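Shown next, in structure tokens, is the structure this report addresses.
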Amino acid sequence: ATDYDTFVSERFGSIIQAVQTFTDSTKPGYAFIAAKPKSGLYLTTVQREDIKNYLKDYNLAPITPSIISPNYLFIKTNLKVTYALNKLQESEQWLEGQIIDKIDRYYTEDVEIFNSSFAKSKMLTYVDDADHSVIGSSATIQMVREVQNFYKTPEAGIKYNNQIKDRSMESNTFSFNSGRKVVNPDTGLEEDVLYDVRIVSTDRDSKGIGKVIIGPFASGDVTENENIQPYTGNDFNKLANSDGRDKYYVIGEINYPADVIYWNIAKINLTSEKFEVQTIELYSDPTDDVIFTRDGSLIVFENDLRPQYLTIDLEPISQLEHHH
Amino acid sequence: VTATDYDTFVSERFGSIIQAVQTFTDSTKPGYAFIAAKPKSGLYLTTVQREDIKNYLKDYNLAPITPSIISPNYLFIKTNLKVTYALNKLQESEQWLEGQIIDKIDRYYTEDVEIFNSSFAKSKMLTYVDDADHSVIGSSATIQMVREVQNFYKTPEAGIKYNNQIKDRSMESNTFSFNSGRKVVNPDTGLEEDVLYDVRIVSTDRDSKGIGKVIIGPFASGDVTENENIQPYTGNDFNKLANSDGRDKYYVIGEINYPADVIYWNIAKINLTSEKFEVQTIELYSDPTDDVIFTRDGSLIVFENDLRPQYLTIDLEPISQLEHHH
């Protein structure tokens, strides 16, 4: 870690706020350094080529350390703060600002650091701490791993470094392109029907394993031969429809206890071409309210840039027959 | 007159073995001036029944209204704490550690919460819990409000309230034994008196006006006599308990007004005599919608772990160290 990270952390301390090295058991030979810009999220490919070009500075001929951006774990927070009407001078809009700062001040200080961790109980005491009028808060978290490629998990897998619950793992939705014509003079003569779809996990087996299955289809546009046939279990979360779509299929699988997640859309004869996205986001409920980082993973609150991962509900109180 | 004037009156003539006073008057009970009194040490003033609450009676000035020196209507917090710490950061035992967090959970209560018209917040106390070591990483909790009920048979004339809002089905008591008149045998033993099963009081989802039933069960088909009035509660709509004895027929005996925050029941509404029940006092648990629990009139949120240990479970969890290498 610090053996080489620190140096770098000297010649570049004006940008990078977090640097640590690690190996991949598997990508033998390769040493990577994750670095987080103090100034946001991803170092720029120019900022990256400069930093790599101090590798020559310190003479090493062997292929030498790949710099790269950190594997972020995000907390989708659903915050609720109840406050006293009397004791609150400015706008609700102000108050939010006042606390959404506190959250960040906790993250920067105690969390946004390698192998340091997020404790929901701590940041709530930060929230409480934001005004002299913030009587008490509560909070509900999710974990977000932002997936680089939707089509197949890495060679190795995707892991949260944390225990999730059953059926918990679920990506967002991405358009699948069937291939049929719609024949609609509204928008010409042909739209190419494309219905949303997601990738969810099902319940632990006898032995700790689930199945990573993929959202609703219309019989025809997925070819089934004995082997590859519709999944049947109802041990997962189906999604809102308006269409006659209820045929989910099975790729990869979740090892709940070892938290590893592998899937590969290929397991059903569907080329990347068929989906109009390239990136997705995987969510899942933690088991605990204390969540952890490990090799090159970093937990981070970047809220003016990932605002989708915080929501604040306030509850103004006076006196009082009622706060819900 | 004036409750405030009275509160003082006692924060003087007794201001010795008394910590706090709430002089409130109940709108259901005219001409009666009620005086809540915290013992400053324990829970009940003359649990010996007056020894004390009679001495204060013996203080008279003016008015046609009469004092009724009572002990405070206590709100309890059944906390299921789940603190987690770092194996290495810890030098003394889990045993010494518990005795360290509850030292804080107490510090919070007795400074901010254990007061009249004062309140409790889970988030705020879990800050105090977290603040007991160099680690101690974080903490979880799962709380319920508890109201201790003397005479399980029936609530007061005017119902019992929490001074807080609870959730649908949230309200449920601990279990108690109901002596069915009947008799059975096993294991070579004999009649074994009268068959007993564990029975209890639960609330149902609120109807379209904010109002569910307060029901009691299960039973046998059974040990309760059904009338035009007395009939098994009609439908699923709440929390049933383990029929390790197979039973299930519950009966309506009151209702919760969720908005008004009032709960009334009377076991006499079916026809069971208190004789058919082992108990006298029971516990009434509900879980709030409140991220803040409010005390109020004669109500008081207190934390007495020593004398009320049952209302706190701490499950610790040790954690492996991270990087020790550099």
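Starting from 1 in every chain, residues are counted up; chains themselves are A, B, ... following the order of the structure tokens, and ligands are numbered from 1 as listed.
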Please, which residues in chain A fall within 6 Å of chain B when counting only C-alpha atoms, and what is the closest atom pair and distance in Å to one decimal for each, ordered by chain then residue number, as CSV?
```
residue,atom,partner,partner_atom,distance
A:119,CA,B:138,CA,5.1
A:121,CA,B:138,CA,5.6
A:125,CA,B:127,CA,5.4
A:136,CA,B:121,CA,5.5
A:137,CA,B:123,CA,5.7
```
Atoms kept (N, CA and C atoms) for selection, written as an mmCIF file, in the first residue's frame:
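Heads up, here's the output in selection.cif:
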```
data_model
loop_
_atom_site.group_PDB
_atom_site.id
_atom_site.type_symbol
_atom_site.label_atom_id
_atom_site.label_comp_id
_atom_site.auth_asym_id
_atom_site.auth_seq_id
_atom_site.Cartn_x
_atom_site.Cartn_y
_atom_site.Cartn_z
ATOM 1 N N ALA A 119 -20.397 3.559 9.066
ATOM 2 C CA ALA A 119 -21.277 3.134 10.148
ATOM 3 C C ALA A 119 -22.494 4.032 10.190
ATOM 4 N N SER A 121 -24.796 4.343 12.133
ATOM 5 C CA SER A 121 -25.016 4.912 13.449
ATOM 6 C C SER A 121 -24.198 6.169 13.683
ATOM 7 N N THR A 125 -25.486 10.386 13.913
ATOM 8 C CA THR A 125 -25.120 11.303 14.982
ATOM 9 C C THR A 125 -24.515 12.576 14.386
ATOM 10 N N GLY A 136 -33.886 14.335 16.227
ATOM 11 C CA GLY A 136 -33.652 12.918 16.023
ATOM 12 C C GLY A 136 -33.873 12.417 14.611
ATOM 13 N N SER A 137 -32.974 11.558 14.133
ATOM 14 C CA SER A 137 -33.054 11.021 12.774
ATOM 15 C C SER A 137 -33.140 9.484 12.706
#
```
Mind running stretch 82-179 of chain A against stretch 268-280 of chain A at 7 Å and telling me each contacting residue's nearest atom pair with the distance in Å (one decimal), counting only C-alpha atoms, chain and number ascending, as JSON lines?
```
{"residue": "A:146", "atom": "CA", "partner": "A:280", "partner_atom": "CA", "distance": 6.3}
{"residue": "A:147", "atom": "CA", "partner": "A:280", "partner_atom": "CA", "distance": 5.2}
{"residue": "A:148", "atom": "CA", "partner": "A:279", "partner_atom": "CA", "distance": 5.2}
{"residue": "A:149", "atom": "CA", "partner": "A:279", "partner_atom": "CA", "distance": 5.2}
{"residue": "A:150", "atom": "CA", "partner": "A:279", "partner_atom": "CA", "distance": 5.4}
{"residue": "A:151", "atom": "CA", "partner": "A:272", "partner_atom": "CA", "distance": 6.4}
{"residue": "A:171", "atom": "CA", "partner": "A:280", "partner_atom": "CA", "distance": 6.8}
{"residue": "A:172", "atom": "CA", "partner": "A:280", "partner_atom": "CA", "distance": 6.8}
{"residue": "A:174", "atom": "CA", "partner": "A:277", "partner_atom": "CA", "distance": 6.4}
{"residue": "A:175", "atom": "CA", "partner": "A:276", "partner_atom": "CA", "distance": 5.6}
{"residue": "A:176", "atom": "CA", "partner": "A:275", "partner_atom": "CA", "distance": 4.7}
{"residue": "A:177", "atom": "CA", "partner": "A:274", "partner_atom": "CA", "distance": 5.3}
```
In stretch 39-107 of chain A, DSSP alpha helix (DSSP H) residues written as a ChimeraX atom specification | /A:45-52,92-106
Please produce a file of those selected residues containing C-alpha atoms, as an mmCIF file, in the first residue's frame.
```
data_model
loop_
_atom_site.group_PDB
_atom_site.id
_atom_site.type_symbol
_atom_site.label_atom_id
_atom_site.label_comp_id
_atom_site.auth_asym_id
_atom_site.auth_seq_id
_atom_site.Cartn_x
_atom_site.Cartn_y
_atom_site.Cartn_z
ATOM 1 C CA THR A 45 -6.888 10.165 -18.487
ATOM 2 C CA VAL A 46 -4.451 13.070 -18.740
ATOM 3 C CA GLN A 47 -4.058 13.267 -14.945
ATOM 4 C CA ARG A 48 -3.488 9.511 -15.239
ATOM 5 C CA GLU A 49 -0.866 9.533 -17.958
ATOM 6 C CA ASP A 50 1.137 12.149 -16.072
ATOM 7 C CA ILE A 51 1.076 10.141 -12.863
ATOM 8 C CA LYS A 52 1.998 6.938 -14.706
ATOM 9 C CA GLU A 92 -36.283 23.595 5.092
ATOM 10 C CA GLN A 93 -34.204 23.943 1.934
ATOM 11 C CA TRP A 94 -31.514 25.492 4.130
ATOM 12 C CA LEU A 95 -31.657 22.833 6.829
ATOM 13 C CA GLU A 96 -31.144 20.083 4.248
ATOM 14 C CA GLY A 97 -28.047 21.870 2.991
ATOM 15 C CA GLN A 98 -26.898 22.153 6.582
ATOM 16 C CA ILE A 99 -27.108 18.401 7.151
ATOM 17 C CA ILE A 100 -26.085 17.218 3.685
ATOM 18 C CA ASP A 101 -22.872 18.995 4.641
ATOM 19 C CA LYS A 102 -22.557 17.079 7.900
ATOM 20 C CA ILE A 103 -22.925 13.800 6.068
ATOM 21 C CA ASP A 104 -20.033 14.743 3.816
ATOM 22 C CA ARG A 105 -17.879 15.972 6.700
ATOM 23 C CA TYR A 106 -18.303 12.537 8.286
#
```
Shell around residue A:210 at 9 Å using only C-alpha atoms, local window under 4 positions removed, as a ChimeraX atom specification = /A:166-167,201-205,253-256
Within 9 Å of stretch 207-223 of chain B using only C-alpha atoms, minus same-chain residues under 3 positions, as a ChimeraX atom specification | /B:168-169,171,180-182,197-204,233,240-241,243,247-260,263-265,267
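Closest approach to residue B:174 among B:279, B:70, B:158, B:224 is made by B:279 (distances from only C-alpha atoms).
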Name the residues in contact with residue B:34 at a cut-off of 6 Å, using only C-alpha atoms, excluding same-chain residues fewer than 4 positions from it; report them as a PyMOL selection string.
-> chain B and resi 23-25+67-69
Create the file for the chosen residues now, containing C-alpha atoms and written as an mmCIF file, in the first residue's frame.
```cif
data_model
loop_
_atom_site.group_PDB
_atom_site.id
_atom_site.type_symbol
_atom_site.label_atom_id
_atom_site.label_comp_id
_atom_site.auth_asym_id
_atom_site.auth_seq_id
_atom_site.Cartn_x
_atom_site.Cartn_y
_atom_site.Cartn_z
ATOM 1 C CA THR B 23 -49.178 18.423 38.059
ATOM 2 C CA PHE B 24 -51.668 17.683 35.341
ATOM 3 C CA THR B 25 -55.442 17.407 35.434
ATOM 4 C CA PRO B 67 -55.064 15.767 45.137
ATOM 5 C CA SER B 68 -54.336 12.248 43.837
ATOM 6 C CA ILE B 69 -50.608 11.675 44.306
#
```
As a ChimeraX atom specification, list the residues of stretch 27-110 of chain A assigned to strand (DSSP E or B) by DSSP on the backbone atoms of this structure.
-> /A:31-37,66-68,71-84
